[PDB]
Amino acid sequence: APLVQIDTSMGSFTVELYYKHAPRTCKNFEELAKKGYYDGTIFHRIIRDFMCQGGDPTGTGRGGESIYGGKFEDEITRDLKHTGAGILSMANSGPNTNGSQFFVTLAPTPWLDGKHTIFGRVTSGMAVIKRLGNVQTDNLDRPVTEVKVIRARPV
Amino acid sequence: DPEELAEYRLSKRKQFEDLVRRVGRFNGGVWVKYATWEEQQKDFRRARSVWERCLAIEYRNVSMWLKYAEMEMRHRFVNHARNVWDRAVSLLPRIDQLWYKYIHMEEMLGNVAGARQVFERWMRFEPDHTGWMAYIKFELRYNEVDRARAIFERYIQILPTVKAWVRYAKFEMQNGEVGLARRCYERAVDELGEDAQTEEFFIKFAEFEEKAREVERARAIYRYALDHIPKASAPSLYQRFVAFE
Amino acid sequence: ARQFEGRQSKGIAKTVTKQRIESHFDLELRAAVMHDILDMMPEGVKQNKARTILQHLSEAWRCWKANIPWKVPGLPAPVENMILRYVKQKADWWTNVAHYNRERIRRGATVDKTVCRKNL
Amino acid sequence: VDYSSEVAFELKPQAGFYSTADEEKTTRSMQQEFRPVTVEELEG
Amino acid sequence: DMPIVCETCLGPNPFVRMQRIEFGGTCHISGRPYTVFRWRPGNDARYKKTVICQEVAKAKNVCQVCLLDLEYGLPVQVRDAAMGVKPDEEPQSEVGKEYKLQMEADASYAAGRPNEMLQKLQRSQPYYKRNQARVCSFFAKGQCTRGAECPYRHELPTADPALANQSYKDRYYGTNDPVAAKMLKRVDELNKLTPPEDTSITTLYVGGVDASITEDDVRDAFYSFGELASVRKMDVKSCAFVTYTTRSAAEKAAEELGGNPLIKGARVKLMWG
Amino acid sequence: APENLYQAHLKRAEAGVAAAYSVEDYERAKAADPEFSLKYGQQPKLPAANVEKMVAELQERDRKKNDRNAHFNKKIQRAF
Amino acid sequence: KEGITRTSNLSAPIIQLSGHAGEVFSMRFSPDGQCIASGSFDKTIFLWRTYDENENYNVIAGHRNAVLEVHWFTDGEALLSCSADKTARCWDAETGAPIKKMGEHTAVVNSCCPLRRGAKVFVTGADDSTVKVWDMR
Amino acid sequence: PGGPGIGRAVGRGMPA
Amino acid sequence: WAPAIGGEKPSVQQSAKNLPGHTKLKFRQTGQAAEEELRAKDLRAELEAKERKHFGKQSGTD
Amino acid sequence: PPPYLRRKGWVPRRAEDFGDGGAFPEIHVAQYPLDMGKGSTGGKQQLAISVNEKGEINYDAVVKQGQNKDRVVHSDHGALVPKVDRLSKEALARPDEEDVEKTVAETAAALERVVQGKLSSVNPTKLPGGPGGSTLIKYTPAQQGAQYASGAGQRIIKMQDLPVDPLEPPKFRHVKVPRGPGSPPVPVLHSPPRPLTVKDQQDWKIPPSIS
Amino acid sequence: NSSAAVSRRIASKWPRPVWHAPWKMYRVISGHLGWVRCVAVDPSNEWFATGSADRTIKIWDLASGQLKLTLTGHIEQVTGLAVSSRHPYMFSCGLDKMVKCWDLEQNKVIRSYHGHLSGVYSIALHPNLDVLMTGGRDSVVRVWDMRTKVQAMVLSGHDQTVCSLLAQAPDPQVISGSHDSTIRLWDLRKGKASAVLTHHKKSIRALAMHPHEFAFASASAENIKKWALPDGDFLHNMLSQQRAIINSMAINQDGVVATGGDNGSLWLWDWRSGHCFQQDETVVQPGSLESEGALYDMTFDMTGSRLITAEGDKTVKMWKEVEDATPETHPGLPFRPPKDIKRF
Amino acid sequence: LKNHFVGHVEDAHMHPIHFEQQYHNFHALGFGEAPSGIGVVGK
RNA sequence: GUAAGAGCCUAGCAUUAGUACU
Ligand SMILES: [Zn+2]
Ligand SMILES: [Zn+2]
């Protein structure tokens with residue numbers, strides 16, 4: 001279901017939420033945007049050429065809650081393949097362990113196809129993602145200038 | 001040009017490094033020569049390092065920031081120049097001329113959104129009347145009179161002055177709005193309130209309502225002035241009232 | 001250690017010994033005048049006339065020593081007063097050193113061979 | 001020292017908000033150029 | 001606190017006795033006094049010591065001992081070539097090098113996709129034979145009395161005579177490093193599949209193809225580099241014909257796929273058909 | 001004087017906007033670009049000519065522009 | 001900050017006890033829970049307080065090899081130490097004196113356990129494949 | 001007879 | 001025109017003036033203006049006392 | 001660009017094909033929006049902007065770098081502004097004597113660390129001696145494969161300090177460098193320039209000195 | 001907020017000046033043969049030491065002003081003096097690059113702190129550690145072990161002479177002001193500035209701590225600023241400008257701030273409101289130049305009731321409160337709140 | 001996120017017999033115990 | 001006449017790493 005919005009301290013960009021190939025994950029992102037969950041919520045893990053992880057409210061990166069109360073299962077397909085930048089996928093700690101944490105990809109990451117459930121792509125504001133991947137990060141890939149998600153909500 | 005060049009360059013660079021380890025820190029002048037020479041050699045990695053070593057000695061010299069950013073501008077290194085400007089304007093936010101030349105570089109590239117963002121940062125450091133006036137003239141230059149009006153709002157709040165208000169009202173009477181110029185004089189006396197009692201404020205009220213052909217308004221203005229103004233201040237206002245009559 | 005590490009000839013502090021006493025005085029004196037100069041100048045005055053103020057201080061010291069009254073026609077009174085106060089500082093120092101070395105010369109206390117000439 | 005293999009005591013410009021990859025490429029191209037220049041033209 | 005070492009230069013033993021000589025040497029690059037580590041990788045080994053500073057080690061992701069890269073174990077050239085990165089800017093001078101160091105004190109190799117080139121040109125099992133005694137210089141001259149007892153290899157030096165003069169600074173920086181030169185000339189030949197004197201032969205032979213690779217799978221392989229004229233299977237030979245319409249496309253297909261690419265796992269060879 | 005060279009900086013500002021750019025130039029650059037924010041840092045879409053304009057502009061400025069004892073006195077007759 | 005429900009009276013929720021000079025092979029809490037008996041490889045027994053300083057107020061020595069296992073006696077004032085020097089030893093805790101040293105085993109006295117209800121009796125099993133029961137008096 | 005013991009507050013180190 | 005700025009194995013050259021000496025500090029005891037002793041008193045009483053004593057017993061008159 | 005589940009057979013080739021970027025997981029060719037993902041990403045990542053709830057951008061990252069990351073750097077105008085909130089005796093209140101005692105103790109400990117380093121390390125009559133005992137470490141490599149350490153995972157390293165000869169003279173000669181640039185500069189948070197009259201330009205004209 | 005907004009807040013809420021009795025100068029002491037440059041009061045409050053350009057340190061009776069003792073050991077001017085509160089020690093620095101520990105039970109120099117490359121300008125004793133801090137023309141604060149004479153630390157970063165120094169037990173344990181116009185607040189454990197304060201336009205020749213508040217004052221030729229600690233938050237400028245280079249600043253427990261000008265002015269300000277209740281000019285002793293009139297040091301005695309000033313006419317001058325004054329007979333210079341709207 | 005540079009260096013404490021015994025079961029014999037506690041190493 | 005240095009030829013101090021093929 002279409003057009004969730006992230007507006008961050010670096011900018012604002014908007015992602016569609018894929019309905020068919022992954023309904024559980026998309027409903028999760030929809031509703032969590034709706035409830036005010038992805039507010040504050042700094043992009044904690046930014047790796048150039050790789051991804052922009054976000055979604056953990058605690059800022060630790062260790063766990064972000066879901067609408068089902070905990071983990072849920074992937075929706076990997078032979079259809080949904082991490083092929084370029086801007087692909088929005090969920091971050092899991094292995095098979096069938098998704099939380100809330102997501103990552104926008106900045107590059108083609110084949111080596112995640114089969115492990116990380118895609119559910120969308122950045123429809124508007126790829127400039128923000130390009131600028132956001134090149135931000136200064138520390139030895140832990142943590143942005144040295146906090147990149148807050150000042151507000152996330154569907155549109 | 002080949003390998004005879006390169007060794008003349010070795011010789012002159014060793015000359016520069018010798019002069020610079022001797023005289024570099026204690027008396028300026030030298031890094032400008034070193035950096036302009038390396039710019040002549042079209043070596044900009046080397047010249048940027050020379051400018052960075054100047055600024056590592058003394059960053060509070062506006063002349064050096066200017067020469068650095070101009071080297072970078074005149075060779076179309078425009079993001080490099082922006083970065084030099086960002087640093088110069090971050091570190092010496094009270095040199096107006098840094099801000100001017102950053103704004104000018106941005107509008108020469110037809111980047112008026114970037115020029116305007118530099119104007120916003122500058123207004124945050126609260127410049128003089130000339131800074132706010134340059135911002136207003138900037139927004140006029142691109143025929144953006146709603147933006148220039150919002151800057152005038154902010155301007156007369158930040159520096160609450162008769163100069164701010166009479167300049168606001170002159171802007172309006174140029175702009176096409178005469179009930180708004182009247183509005184801005186009225187608002188100057190209410191908001192400014194006290195300390196709007198002064199000569200040139202009432203002289204300007206008189207001249208406005210005069211070129212508005214509301215001469216009864218203007219008579220009320222001249223009187224209410226002489227009433228409120230200390231008649232020590234009255235000679236000029238009163239001779240100008242004679243000039244009205 | 002000097003053989004195997006090399007001489008540490010690098011920014012270790014030199015004492016102010018009898019042979020450096022007068023030259024270090026003038027170092028310190030000029031540095032002091034330079035302090036004052038930089039603080040006395042108004043905010044937008046080109047801070048490079050300090051070298052000519054230091055030359056005026058050298059001149060005023062030679063004029064003190066020779067008993068010559070000086071009056072530079074266009075010297076700011078602040079700069080001139082600074083020069084007079086530091087020439088008087090040097091004059092006090094030099095006269096007190098002369099008093100001291102005269103008492104040593106009179107006693108017979110050990111003085112250098114040049115101290116006798118300098119004191120005369 | 002060799003002041004044409006290396007940049008003497010190189011102080012690289014510090015990173016800013018603007019990406020200077022392209023500027024660096026242009027500088028290298030300029031360095032690559034070898035137009036004839038007299039000593040007077042190079043010293044000014 | 002621990003050397004930064006190639007895990008070949010620690011030998012087979014999971015247990016390492018290593019001597020820690022703090023201030024035991026000068027870095028062979030930064031000329032800096034540093035903490036040396038010395039150890040015997042294994043029982044057939046000699047005692048190897050670290051050759052460079054710990055920092056100067058972890059700058060270029062190289063072992064403190066062999067000065068080879070840490071991920072792939074190939075000289076700093078071969079890795080810099082496949083990394084495509086600029087020549088070393090780092091100052092060769094030691095006044096310059098120490099100034100760069102004292103700067104970087106007071107205030108790119110881990111985030112790359114594994115380069116197939118380096119992976120293709122690396123050793124599968126560890127070169128433990130690099131951790132072994134030098135050659136007995138008295139056995140060379142025929143004058144070794146130590147017999148089989150010699151702790152030094154009782155063989156003769158069998159080495160390229162332009163090699164055996166390698167420079168530390170050059171193997172660390174990447175300039176005229178004869179070993180990586182030999183290696184890149186090797187890959188230059190292997191990247192040199194002979195385009196024959198016949199200009200019009202527009203077909204490439206694909207041999208050694210295991211049977212689970214189908215003709216449209218090899219078509220998916222070769223369509224990228226140009227138009228195919230016809231692809232022809234024959235699993236009897238486990239081989240294939242592929243003709244294109246333009247020579248330069250078959251040239252592309254030789255040049256990219258000459259250094260033994262693997263289609264869906266099968267180690268397959270290419271030839272000019 | 002900073003006021004003198006300030007009206008000369010405004011000389012240069014209005015002159016160069018009259019010399020290098022036009023109103024439909026500006027407004028169609030904008031019409032391509034909705035954000036005229038939070039986009040700071042990312043270089044904006046503008047014609048590659050603009051750059052040399054600045055350069056040429058400033059370069060324009062450029063073409064507008066004993067021994068030591070002689071200078072000394074030449075300061076004093078100047079003053080005295 | 002972080003205010004997570006302090007359970008005990010200890011100054012901090014994680015306290016490291018240092019002062020030993022060898023492996024620490026066995027430890028024991030006093031029955032009244034305000035003492036620590038730590039037996040190290042250094043053939044020595046540290047006595048720590050569980051609260052308010054964690055002060056090792058006594059180091060009892062007297063074994064010639066690693067004190068492998070320590071329990072307290074049911075009242076907490078007498079200690080049973082078992083070692084590798086073939087000698088199990090009863091000590092008085094408050095005092096710093098050894099009470100009764102029995103060394104009947106032929107090899108390292110690995111394990112011991114004193115009886116918790118009844119008399120002052122403890123079992124000790126050592127390397128000789130013999131498990132011996134030991135009454136105090 | 002205080003012995004050569006100290007107790008100091010320290011976090012527990014973690015390998016990751 | 002500009003002084004040298006003085007920013008900061010170790011060298012094993014040992015100066016003669018750097019050999020151990022005066023290796024313990026004197027502290028102010030009870031009786032030498034120690035800090036705990038001086039909170040106890042009113043220093044203004046003693047100052048005005050001493051100043052009055054000086055200023056009268058130099059004037060020589062009651 | 002065709003919407004969700006409307007893209008079968010429609011493949012992008014150029015930047016302009018993405019609209020405002022993003023890439024398509026349904027498609028199975030590598031896409032490159034905005035030319036992101038072209039080899040290496042460049043050099044020297046840029047500083048980030050920080051924007052408020054309300055949209056006020058922060059450009060401090062220019063000035064808050066290197067050693068300035070750590071310290072108090074006054075960057076804005078509100079640092080220049082008189083603070084009335086803060087002038088009461090109760091607002092300017094020294095820390096708790098307990099915290100000050102902890103600071104005094106920590107500082108004494110660090111300063112005695114340094115002073116004893118300067119005393120001992122630099123003293124050469126300290127007689128050199130025996131071998132710094134073995135310390136074990138467990139070292140887990142970056143690259144562990146069943147061929148490295150012969151199929152073992154980690155390594156225990158016996159780190160044995162070798163004893164230095166007492167007769168070994170100072171081993172390394174000392175090197176000379178110019179001092180580096182220093183910590184990064186800090187904004188000069190001055191009040192507006194006060195205008196030099198031409199008068200006060202002339203009452204600081206210093207005549208040349210004629211000796 | 002703004003300069004306008006804050007100016008209106010300031011017109012409404014500025015702390016009013018606390019009435020302070022005027023001070024009068026009651027004693028000149030002649031006898032130094034050069035500019036008196038430093039003062040230091042002994043913690044017992046019964047003698048003070050003054051160092052001079054005549055290279056001596058004189059010990060004076062605080063109640064009679066009597067020369068108790070002259071100490072010669074510096075080769076050049078004595079520029080800084082610090083009497084220890086915890087040790088029977090006096091510390092002097094001088095233009096001779098030398099820092100000396102005087103044993104006041106011997107009246108002799110027992111330790112020397114070697115290492116300044118130029119003349120030393122400032123000195124400070126850590127109040128709780130046995131550590132001293134000196135700054136000089138080499139732009140560096142050298143942190144010394146009092147006992148071992150070892151240079152424990154060098155605080156680097158200033159660019160010109162470190163002219164003023166503060167030492168406290170809380171962090172920042174050293175505050176320096178320099179001729180490079182900045183104030184550095186130092187982290188003494190790390191050897192690093194914890195803050196650099198660039199609000200001054202001229203060189204910071206005087207620092208002073210508030211005796212009781214976590215706040216210090218810095219003084220330039222252009223402003224006296226007041227700063228909150230630990231972080232060096234600018235509190236405000238004094239509500240007037242002594243139009244002088246301020247060489248010395250002392251703060252009282254009543255909050256009398258005394259600032260002493262290079263022109264021999266002495267202004268007394270209300271700490272806490274920033275308002276100067278007194279303005280004096282020095283009289284120079286007979287023979288002096290009126291150019292030779294600066295006020296190089298000032299300290300309050302330990303009670304706060306005496307101010308001892310070290311002057312360039314080579315006198316020590318002593319000031320006491322005219323404390324038989326009442327807010328009616330003696331209000332001094334009267335206060336108008338900062339009613340203006342200005343730019344900051 | 002790692003400790004050393006090329007891996008994780010962690011302190012260890014054993015009794016000295018164990019380092020030497022394992023170091024020489026592998027060292028001399030070729031085959032010894034993995035120090036991780038996972039089986040044995042080598043041939 | 002100092003005595004300084006530049007260079008030329010020939011000119012005995014430090015080092016232990018690195019050497020492959022489907
Ligand atoms: Zn290795
Ligand atoms: Zn042999």
# chains A, B, ... in the order shown; residues from 1 in each chain; ligands from 1
call {"tool": "interface_residues", "arguments": {"of": "chain C", "to": "chain B", "cutoff": "12 Å", "atoms": "only C-alpha atoms", "output": "PyMOL selection string"}}
result
chain C and resi 47-48+51
call {"tool": "closest_atom_pairs", "arguments": {"of": "chain F", "to": "chain J", "cutoff": "12 Å", "atoms": "only C-alpha atoms", "output": "tab-separated table"}}
result
residue	atom	partner	partner_atom	distance
F:1	CA	J:198	CA	10.2
F:2	CA	J:195	CA	10.2
F:3	CA	J:195	CA	11.5
F:33	CA	J:20	CA	11.8
F:37	CA	J:55	CA	8.0
F:38	CA	J:51	CA	6.8
F:39	CA	J:49	CA	8.5
F:40	CA	J:49	CA	6.8
F:41	CA	J:49	CA	7.8
F:42	CA	J:46	CA	10.0
F:72	CA	J:208	CA	8.8
F:73	CA	J:208	CA	10.1
F:75	CA	J:208	CA	9.4
F:76	CA	J:208	CA	8.7
F:79	CA	J:207	CA	9.3
F:80	CA	J:207	CA	10.2
call {"tool": "write_last_selection", "arguments": {"atoms": "N, CA, C and O atoms", "output": "PDB file, in the first residue's frame"}}
result
ATOM      1  N   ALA F   1      36.948  52.307   1.681  1.00  0.00           N
ATOM      2  CA  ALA F   1      35.919  52.309   2.711  1.00  0.00           C
ATOM      3  C   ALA F   1      34.956  51.134   2.518  1.00  0.00           C
ATOM      4  O   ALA F   1      34.566  50.824   1.389  1.00  0.00           O
ATOM      5  N   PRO F   2      34.575  50.478   3.618  1.00  0.00           N
ATOM      6  CA  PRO F   2      33.661  49.328   3.484  1.00  0.00           C
ATOM      7  C   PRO F   2      32.304  49.740   2.946  1.00  0.00           C
ATOM      8  O   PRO F   2      31.608  48.932   2.330  1.00  0.00           O
ATOM      9  N   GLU F   3      31.918  50.999   3.149  1.00  0.00           N
ATOM     10  CA  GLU F   3      30.743  51.514   2.463  1.00  0.00           C
ATOM     11  C   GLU F   3      31.044  51.796   0.997  1.00  0.00           C
ATOM     12  O   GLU F   3      30.234  51.468   0.123  1.00  0.00           O
ATOM     13  N   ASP F  33      12.959  22.728 -10.143  1.00  0.00           N
ATOM     14  CA  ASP F  33      13.362  22.432  -8.764  1.00  0.00           C
ATOM     15  C   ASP F  33      12.335  22.910  -7.743  1.00  0.00           C
ATOM     16  O   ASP F  33      12.222  24.129  -7.507  1.00  0.00           O
ATOM     17  N   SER F  37      13.200  22.810   2.108  1.00  0.00           N
ATOM     18  CA  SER F  37      14.659  22.840   2.101  1.00  0.00           C
ATOM     19  C   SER F  37      15.264  21.529   2.582  1.00  0.00           C
ATOM     20  O   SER F  37      14.902  20.449   2.110  1.00  0.00           O
ATOM     21  N   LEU F  38      16.190  21.667   3.538  1.00  0.00           N
ATOM     22  CA  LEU F  38      16.953  20.573   4.136  1.00  0.00           C
ATOM     23  C   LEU F  38      17.878  19.914   3.125  1.00  0.00           C
ATOM     24  O   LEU F  38      18.457  18.865   3.396  1.00  0.00           O
ATOM     25  N   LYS F  39      18.044  20.539   1.961  1.00  0.00           N
ATOM     26  CA  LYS F  39      18.851  20.006   0.877  1.00  0.00           C
ATOM     27  C   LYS F  39      20.286  20.503   0.929  1.00  0.00           C
ATOM     28  O   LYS F  39      20.983  20.484  -0.086  1.00  0.00           O
ATOM     29  N   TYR F  40      20.751  20.969   2.075  1.00  0.00           N
ATOM     30  CA  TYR F  40      22.025  21.662   2.055  1.00  0.00           C
ATOM     31  C   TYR F  40      23.171  20.677   1.845  1.00  0.00           C
ATOM     32  O   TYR F  40      23.145  19.542   2.317  1.00  0.00           O
ATOM     33  N   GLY F  41      24.186  21.129   1.119  1.00  0.00           N
ATOM     34  CA  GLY F  41      25.246  20.251   0.683  1.00  0.00           C
ATOM     35  C   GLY F  41      25.117  19.721  -0.732  1.00  0.00           C
ATOM     36  O   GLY F  41      26.068  19.838  -1.504  1.00  0.00           O
ATOM     37  N   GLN F  42      23.985  19.130  -1.099  1.00  0.00           N
ATOM     38  CA  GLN F  42      23.863  18.585  -2.446  1.00  0.00           C
ATOM     39  C   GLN F  42      23.862  19.705  -3.480  1.00  0.00           C
ATOM     40  O   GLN F  42      23.056  20.637  -3.403  1.00  0.00           O
ATOM     41  N   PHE F  72      61.001  55.921   0.872  1.00  0.00           N
ATOM     42  CA  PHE F  72      60.895  56.498   2.212  1.00  0.00           C
ATOM     43  C   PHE F  72      60.511  57.972   2.150  1.00  0.00           C
ATOM     44  O   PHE F  72      59.422  58.352   2.586  1.00  0.00           O
ATOM     45  N   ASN F  73      61.389  58.819   1.607  1.00  0.00           N
ATOM     46  CA  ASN F  73      61.067  60.239   1.493  1.00  0.00           C
ATOM     47  C   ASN F  73      59.746  60.451   0.764  1.00  0.00           C
ATOM     48  O   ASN F  73      58.929  61.286   1.169  1.00  0.00           O
ATOM     49  N   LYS F  75      57.272  58.994   1.042  1.00  0.00           N
ATOM     50  CA  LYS F  75      56.210  58.923   2.035  1.00  0.00           C
ATOM     51  C   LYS F  75      56.153  60.204   2.858  1.00  0.00           C
ATOM     52  O   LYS F  75      55.098  60.554   3.399  1.00  0.00           O
ATOM     53  N   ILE F  76      57.277  60.918   2.954  1.00  0.00           N
ATOM     54  CA  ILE F  76      57.368  62.028   3.896  1.00  0.00           C
ATOM     55  C   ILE F  76      56.911  63.326   3.249  1.00  0.00           C
ATOM     56  O   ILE F  76      56.107  64.062   3.823  1.00  0.00           O
ATOM     57  N   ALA F  79      53.580  63.152   3.361  1.00  0.00           N
ATOM     58  CA  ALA F  79      53.030  63.486   4.667  1.00  0.00           C
ATOM     59  C   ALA F  79      53.445  64.877   5.123  1.00  0.00           C
ATOM     60  O   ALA F  79      52.602  65.659   5.581  1.00  0.00           O
ATOM     61  N   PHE F  80      54.724  65.199   4.977  1.00  0.00           N
ATOM     62  CA  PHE F  80      55.301  66.444   5.466  1.00  0.00           C
ATOM     63  C   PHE F  80      55.388  67.455   4.325  1.00  0.00           C
ATOM     64  O   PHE F  80      54.367  67.926   3.817  1.00  0.00           O
TER      65      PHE F  80
END
call {"tool": "residues_near_ligand", "arguments": {"ligand": "ligand 1", "cutoff": "7 Å", "atoms": "only C-alpha atoms (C1' of nucleotides) and all ligand atoms", "output": "ChimeraX atom specification"}}
result
/E:5-9,63-68
call {"tool": "write_last_selection", "arguments": {"atoms": "N, CA, C and O atoms", "output": "PDB file, in the first residue's frame"}}
result
ATOM      1  N   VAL E   5      49.082  -9.607  11.854  1.00  0.00           N
ATOM      2  CA  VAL E   5      49.826 -10.599  11.097  1.00  0.00           C
ATOM      3  C   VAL E   5      48.904 -11.403  10.208  1.00  0.00           C
ATOM      4  O   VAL E   5      47.848 -11.864  10.646  1.00  0.00           O
ATOM      5  N   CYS E   6      49.320 -11.556   8.961  1.00  0.00           N
ATOM      6  CA  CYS E   6      48.917 -12.646   8.094  1.00  0.00           C
ATOM      7  C   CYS E   6      48.759 -13.917   8.901  1.00  0.00           C
ATOM      8  O   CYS E   6      49.633 -14.274   9.688  1.00  0.00           O
ATOM      9  N   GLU E   7      47.635 -14.589   8.745  1.00  0.00           N
ATOM     10  CA  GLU E   7      47.470 -15.808   9.511  1.00  0.00           C
ATOM     11  C   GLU E   7      48.222 -16.988   8.908  1.00  0.00           C
ATOM     12  O   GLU E   7      48.200 -18.079   9.486  1.00  0.00           O
ATOM     13  N   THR E   8      48.860 -16.809   7.755  1.00  0.00           N
ATOM     14  CA  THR E   8      49.893 -17.747   7.340  1.00  0.00           C
ATOM     15  C   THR E   8      51.139 -17.548   8.180  1.00  0.00           C
ATOM     16  O   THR E   8      51.745 -18.517   8.651  1.00  0.00           O
ATOM     17  N   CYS E   9      51.508 -16.297   8.420  1.00  0.00           N
ATOM     18  CA  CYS E   9      52.656 -16.003   9.254  1.00  0.00           C
ATOM     19  C   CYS E   9      52.255 -16.129  10.711  1.00  0.00           C
ATOM     20  O   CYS E   9      52.541 -15.247  11.519  1.00  0.00           O
ATOM     21  N   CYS E  63      50.175  -7.337   6.601  1.00  0.00           N
ATOM     22  CA  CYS E  63      50.811  -8.046   7.698  1.00  0.00           C
ATOM     23  C   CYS E  63      52.049  -7.307   8.176  1.00  0.00           C
ATOM     24  O   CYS E  63      52.753  -6.672   7.389  1.00  0.00           O
ATOM     25  N   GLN E  64      52.324  -7.394   9.472  1.00  0.00           N
ATOM     26  CA  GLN E  64      53.540  -6.776   9.972  1.00  0.00           C
ATOM     27  C   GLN E  64      54.785  -7.521   9.536  1.00  0.00           C
ATOM     28  O   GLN E  64      55.876  -6.966   9.611  1.00  0.00           O
ATOM     29  N   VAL E  65      54.643  -8.753   9.064  1.00  0.00           N
ATOM     30  CA  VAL E  65      55.782  -9.590   8.728  1.00  0.00           C
ATOM     31  C   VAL E  65      56.001  -9.623   7.223  1.00  0.00           C
ATOM     32  O   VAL E  65      57.016  -9.133   6.725  1.00  0.00           O
ATOM     33  N   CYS E  66      55.048 -10.174   6.484  1.00  0.00           N
ATOM     34  CA  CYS E  66      55.218 -10.354   5.051  1.00  0.00           C
ATOM     35  C   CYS E  66      54.887  -9.119   4.240  1.00  0.00           C
ATOM     36  O   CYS E  66      55.155  -9.108   3.037  1.00  0.00           O
ATOM     37  N   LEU E  67      54.308  -8.091   4.852  1.00  0.00           N
ATOM     38  CA  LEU E  67      53.932  -6.862   4.166  1.00  0.00           C
ATOM     39  C   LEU E  67      52.934  -7.106   3.046  1.00  0.00           C
ATOM     40  O   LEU E  67      52.687  -6.217   2.235  1.00  0.00           O
ATOM     41  N   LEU E  68      52.362  -8.297   2.975  1.00  0.00           N
ATOM     42  CA  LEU E  68      51.303  -8.607   2.035  1.00  0.00           C
ATOM     43  C   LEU E  68      49.984  -8.165   2.631  1.00  0.00           C
ATOM     44  O   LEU E  68      49.852  -8.032   3.845  1.00  0.00           O
TER      45      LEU E  68
END
call {"tool": "residues_around", "arguments": {"residues": "residue 28 of chain D", "least_positions_apart": "2", "cutoff": "10 Å", "atoms": "only C-alpha atoms (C1' of nucleotides)", "output": "number ranges by chain"}}
result
B: 42-45; D: 23-26, 30-33
call {"tool": "residues_around", "arguments": {"residues": "segment 4-20 of chain D", "least_positions_apart": "4", "cutoff": "6 Å", "atoms": "only C-alpha atoms (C1' of nucleotides)", "output": "list in words"}}
result
residues 46, 49, 52, 79 and 83 of chain B; 91 and 96 of chain E; 41 of chain F; 46 and 47 of chain J
call {"tool": "select_by_dssp", "arguments": {"residues": "chain H", "states": "strand (DSSP E or B)", "output": "ChimeraX atom specification"}}
result
/H:6-9
call {"tool": "residues_near_ligand", "arguments": {"ligand": "ligand 2", "cutoff": "12 Å", "atoms": "only C-alpha atoms (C1' of nucleotides) and all ligand atoms", "output": "list in words"}}
result
residues 133, 134, 135, 136, 137, 138, 139, 140, 141, 142, 143, 144, 145, 146, 147, 148, 149, 150, 151, 152, 153, 154, 155 and 156 of chain E
call {"tool": "atom_distance", "arguments": {"atom1": "atom CA of residue 29 of chain I", "atom2": "atom CA of residue 112 of chain K"}}
result
23.5 Å
